[PDB]
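Ideal geometry is used to build each Cβ from the backbone, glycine not excepted, and the neighbour counts take in all protein chains shown. Each value in this text was obtained by applying a stated rule to the coordinates, not by laboratory testing.
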Amino acid sequence: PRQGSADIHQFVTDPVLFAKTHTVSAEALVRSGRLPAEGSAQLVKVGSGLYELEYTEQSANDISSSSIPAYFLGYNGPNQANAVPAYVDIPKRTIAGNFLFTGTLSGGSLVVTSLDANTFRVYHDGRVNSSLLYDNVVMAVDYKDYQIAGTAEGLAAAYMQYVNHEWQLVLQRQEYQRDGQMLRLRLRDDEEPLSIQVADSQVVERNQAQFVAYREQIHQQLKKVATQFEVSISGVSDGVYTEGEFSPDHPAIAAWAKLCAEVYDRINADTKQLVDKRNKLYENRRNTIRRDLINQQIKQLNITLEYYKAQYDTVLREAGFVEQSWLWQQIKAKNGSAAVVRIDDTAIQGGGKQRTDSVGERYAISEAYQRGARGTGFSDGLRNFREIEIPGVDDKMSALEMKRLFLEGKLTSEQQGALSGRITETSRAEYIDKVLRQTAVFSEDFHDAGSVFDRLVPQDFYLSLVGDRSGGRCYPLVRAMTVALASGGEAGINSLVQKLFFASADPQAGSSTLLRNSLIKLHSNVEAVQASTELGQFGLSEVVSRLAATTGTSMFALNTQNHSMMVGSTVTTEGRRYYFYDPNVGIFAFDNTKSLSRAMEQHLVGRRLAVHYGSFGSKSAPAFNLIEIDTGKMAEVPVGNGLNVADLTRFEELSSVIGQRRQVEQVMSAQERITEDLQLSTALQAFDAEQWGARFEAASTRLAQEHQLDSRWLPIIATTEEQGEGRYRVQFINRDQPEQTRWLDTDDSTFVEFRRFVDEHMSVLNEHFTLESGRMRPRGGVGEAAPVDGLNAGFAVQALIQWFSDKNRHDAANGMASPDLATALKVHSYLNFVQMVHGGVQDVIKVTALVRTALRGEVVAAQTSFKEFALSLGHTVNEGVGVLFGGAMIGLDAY
Amino acid sequence: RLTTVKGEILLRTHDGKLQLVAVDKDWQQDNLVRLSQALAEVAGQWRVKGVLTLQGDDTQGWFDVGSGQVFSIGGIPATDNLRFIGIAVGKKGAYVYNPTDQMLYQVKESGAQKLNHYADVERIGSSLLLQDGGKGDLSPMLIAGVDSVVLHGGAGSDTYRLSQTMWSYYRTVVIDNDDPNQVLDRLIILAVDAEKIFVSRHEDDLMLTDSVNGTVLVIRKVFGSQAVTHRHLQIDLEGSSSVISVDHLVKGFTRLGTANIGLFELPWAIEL
């Protein structure tokens, strides 16, 4: 046991300052199975301002224990299908102890409710947004309260303290962070690392409104993204919840689920083309001297892929969560809370009426999460388990039959504690006698059966320091390994066994903690049951013949009654290699199924291990289950903190992947600063318009200087035409009253490309606004979204008019005889907006008579003339500077 | 436009929102002995923020409503439509642009000076629009209300020159050029070290993104319609300090399957 630091007394003395200035982590409260209701809590120091809690049995009356009376709460599981939450009952106005602790929150909720006049019931619920489901909620922390915005990632420690005669729900937001090719915890620095709730009444409404808004918003996000990949959103909406239990792919959400699965396929098929290339790269990296030549290409492919992950996995995950949450809320709204929280798990039910889970697996689940309470009688059972006696049990029962009777749940909590202790003692005595003492001979049996590659795995790596250490790690490890092998072959297997070795040599380093906390959450993750198909029982010979029958890569677990070997085949290149993997020994491979069967028979029956693993049927010719794992889906199950199992299952260190996920979110946040800064979006539209102004003025000047003309002649932009291919002519008018117009052979494209540029904006103004009696009405009012780009085009047109004026008044100040093009542009804009000019062919005699009568100043149409329009387009835009910028527009408006 | 007998000059817009704009030669002589207090007082009586102008016949000046100090141009002629773009940062004074000279003035704390003859200078909101001098050596300016600058260059052998300090200050630097060729050997000097820059693209813009800062450099038309010009500029960075062609970068982007969408470090492409 770790010694612990007397700083516990500082923490007791000023818990708020301590939690503000030091990171209080909770990891040992996750990897401890079924904590007591009541126990001793202590800190242990690990680094600079970094402390970990632990449960311990030592008395607080040896103050050198650095420990205090506190109430623990067990960790609840991560499967959204869970009806049985973790809860414990604690007094209002406590005397016995003044703190309450729980396992680190990652995708769950802590909900405090008032059970009666004198006691709170605190629930650790593994579902997101759980505070909506309970009733009489007075305090709560939901996933959203500690989520990092714009990401799926989140991590926070939550605990309760009795201070100033009331309970306070204390939330300490954290993250994992990279620090020189290592990981550490730290307080989150981008927001206030601590926040506090006293007991309140309105919390339900305050959450529910936010959830409704957030769900609407995420549905907008998904509609957007689906549109970006051309998927039809037609008819996608919530089916009214009609009947039945919670399920994934329930008809009510089926449209959303399908849309997610498909949009995911549109990127998964895309990335697979680079995935293959990356594998080719690693296969050449392993086999060549000049590693650093190609390694950077590995880095660039990683960056490319992780961009796509960061950009879309978060969206798909959040859509799944908001859909599961809305489903559960409908189930509550129709069937009442008693359908959505259950007091105990003994009313056995699930996604199917039975799921035939091995006793081993259902026990490990029953001993790596807390569901319901654990009264002090259970702790007394455990502390006294050598004295206690249990009916119908004796020392010569197998560990399996004890595990079964314990999962009968009929015994008292003190009896279940005693039987659990006896189970762990017998289990580890048997694992020692059967496997640790004989890890040697297995290597040689597999060798001289003819194996072609092997990697032993650390005997010592345990996912929990307590309970049966031996058998709990098997079910997640086989699910990780089969992904490793299917996705990366011998290099994957090497990287993963290296990871296990390091994580067992340094059992308290940050990475080994994150790995332990990321193999857990594979015990009962319903996505893995989505990635499964329990085929029948088979005799070993039949299993071998089935492997011989497979085409393409395929994998199988054996999931024997108390253990999980793995077996499978790869066929991609180098012939067909057949693999075998026993988590107690190592992974082995073979070139031919005869050799494979000759080895696996010797191993499982020749040394009777099939009987120690409790296989079915006769001792000879044992029968196993098998489960045709779909590595296409199993790889993508979430293990919290946004990691897919593939991510813990890769060639590089975890601090590399997390580093990359930092850097590419720096890059994406910088890019997002560029994509939606509407100030630069409009200022560049202004700069573009002014640049077209200078281009058109330069072109007009050149044309008016190759020919002979003066300031009285205006180019009529509305009439430029192509005089056949490749060559242009332009009409000019004497702006005075006379009819005098002259056509100039022009040969310059800008006299039509400027008209194209300006008619694009004028079609916006003609679409968003109407000109009435010489003022412009925003269509549908200012309250529509139209002004937000109608005025954005208007600011550009107005800045072009005021460009030409400020150039004319620059020439007049330093010269003479500017052509005064602002009148030409005003008469174009007027006639186009009033639709007197329009696209397509117009009679030149008509459009010229229009331009002429506009230049003569009298009203053409709309009971208005072009200078009134040119005023109204300044007025509306100067009002609209409020919408576009908020006013206070230095350098422009306050003349 | 309304002048009050006290000399304060107001605009009323078509909706009646009276706005203070200036104070005349009389108001400034009456207040003069406590003019800064009188200005802060009148900027309190009217809910106004930004800048106020001390109008006059032969001398004119600017009061920054957000600050204590006041900037007087001296004897430089009126009717130039003289622009105030904002208070400077990192050095004293403020910057003033004369649209009619096409010359930029630094109005010091105790005087004024011509800084350069930039053919245009403008501010829109938080963004400068800044355009080439007669001399072509274009480097941005430090200003307090702004975070973004657009650069444009048309002059002989014209060069863009980004200080490390400016790159550390401006969140965004935008660079733009017009079709008629200004020079082939058109250089961007980056004082920032190349290794931390990350290339990518918008639908048309190229982007060079820093990662120890949020500071993006954008090149406004490397892809899409104008790409076929193949006329594009060349970049100089501190480091190995080879000169890279924006053609070479778009070829690097086209090399991998990143031609779909992409991101990569410069130390790869420069050493490719």
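Annotation for segment A:170-220 versus segment A:335-412: alpha-carbon center distance of 34 Å. At the listed q of 0.13, 0.14, 0.20, 0.22 Å⁻¹, the Debye profile of segment B:162-244, built from one uniform point per Cα, gives log10 I(q)/I(0) equal to -0.42, -0.49, -0.99, -1.17.
Quick one: what does P(r) look like for segment A:559-673 with 5 Å bins over all Cα pairs, in whole %? Cα pair-distance distribution for segment A:559-673, in percent: 2, 9, 14, 15, 15, 12, 10, 8, 5, 4, 3, 2, 1, 0.
The trypsin sites (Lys or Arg not before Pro) found in segment B:1-78 that occupy coil by DSSP, while having at most 16 further C-beta atoms within 10 Å, are B:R1, B:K6, B:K17, B:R47, B:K49.
Remark: segment A:249-305 is approximated by an ellipsoid whose semi-axes, taken from the C-alpha gyration tensor as √(5λ), come to 37, 9, 7 Å, largest first.
Partners of B:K17 within straight-line reach, counting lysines whose Cα lies under 19 Å from its Cα and excluding those fewer than 8 residues away in the same chain: B:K49. A DSSP coil position with no more than 14 other Cβ atoms inside 10 Å describes the following GluC sites (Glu not before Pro) in segment A:495-601: A:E574.
Can you tell me what percent of all Cα-Cα pairs in chain A are more than 39 Å apart? Considering chain A, 55 percent of its Cα-Cα pairs are separated by more than 39 Å. Sorted ascending by nearby beta carbons within 10 Å, beginning with the fewest, B:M166, B:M141, A:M182 become A:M182, B:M166, B:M141. If the Kirkwood radius is taken over C-alpha pairs of segment B:50-173, then at 20 °C and 1.002 mPa s the Stokes-Einstein diffusion coefficient equals 143 µm²/s. Considering only C-alpha atoms, what is the centroid distance from segment A:1-70 to segment A:533-549, in Å? The distance from the Cα centre of segment A:1-70 to that of segment A:533-549 comes to 51 Å. For A:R729, the residues 5 or more places off, or on other chains, whose built amide H falls under 5 Å of its own are A:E721, A:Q723, A:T746, A:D747. Taking only the C-alpha atoms of segment B:10-121, the Rg (one decimal) and the largest Cα-Cα distance, Dmax (whole number), read 14.5, 41 Å.
The trypsin sites (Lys or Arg not before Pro) of segment A:615-705 that DSSP puts in a loop, and whose beta carbon has at most 12 other beta carbons within 10 Å, are A:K619. For segment A:139-298, dividing the convex hull volume of the Cα atoms by the residue count gives 217 Å³ per residue. Rg over Rh for segment A:300-456 works out to 1.13, both radii taken from alpha-carbon positions and Rh defined as the Kirkwood radius.
The angle between the Cα long axis of helix B:246-255 and the longest principal axis of the Cα atoms of chain B comes to about 50 degrees, rounded to the nearest 10. For segment A:1-63, the alpha carbon convex hull comes to 98 Å³ per residue, rounded to a whole number. The share of alpha-carbon pairs in segment A:97-220 lying farther apart than 24 Å comes to 31%. The relative contact order of segment A:446-562, computed from alpha carbon pairs under 8 Å that lie at least 6 residues apart in sequence, is 29 percent. The separation of segment B:113-192 from segment A:855-871, counted between C-alpha centres, amounts to 41 Å. Entry for segment A:420-533 at q = 0.09, 0.15, 0.24 Å⁻¹: log10 I(q)/I(0) = -0.29, -0.83, -1.42, Debye formula applied to identical alpha-carbon scatterers, no solvent contribution.
Stokes-Einstein diffusion for segment A:211-370, with the hydrodynamic radius set to the Kirkwood value over Cα pairs and evaluated at 10 °C in a medium of 1.306 mPa s, equals 81 µm²/s. Amide H contacts of B:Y95: B:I85, B:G86, B:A88, B:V107, each under 5 Å away and 5 or more positions distant or on a separate chain (H built 1.01 Å from N in the peptide plane; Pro and chain starts excluded).
Normalised by the number of residues in segment A:246-387, the mean separation of alpha-carbon contacts (under 8 Å, six or more apart) gives a relative contact order of 28 percent. By the count of other C-beta atoms within 10 Å, a proxy for reagent exposure, A:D265, B:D147 are ordered fewest to most as A:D265, B:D147. Where only DSSP H runs of four or more residues are counted, the protein assembly as shown gives -12000 deg cm²/dmol as its mean residue ellipticity at 222 nm, each run worth -39500 (n - 2.57).
Taking 26 Å as the limit for the C-alpha separation, the pairs B:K91/B:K196; A:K277/B:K251; B:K91/B:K221; B:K196/B:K251; A:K309/A:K521; A:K309/A:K334 exceed it in the case of B:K91/B:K196; B:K91/B:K221; A:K309/A:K334.
The ranking of A:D677, B:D26 by Cβ neighbour count inside 10 Å, starting from the fewest, reads B:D26, A:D677. In this simple spin-label model, placing a label point 7 Å from the Cα along the Cα-to-Cβ direction at both A:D820 and B:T229 gives a separation of 3.4 nm.
With kT/(6 pi eta Rh) evaluated at 10 °C and eta = 1.306 mPa s, and Rh the Kirkwood radius from Cα pairs, chain B diffuses with a coefficient of 75 µm²/s according to Stokes-Einstein.
Share of pairwise Cα-Cα distances greater than 19 Å in segment A:26-144 is 50 percent (whole percent).
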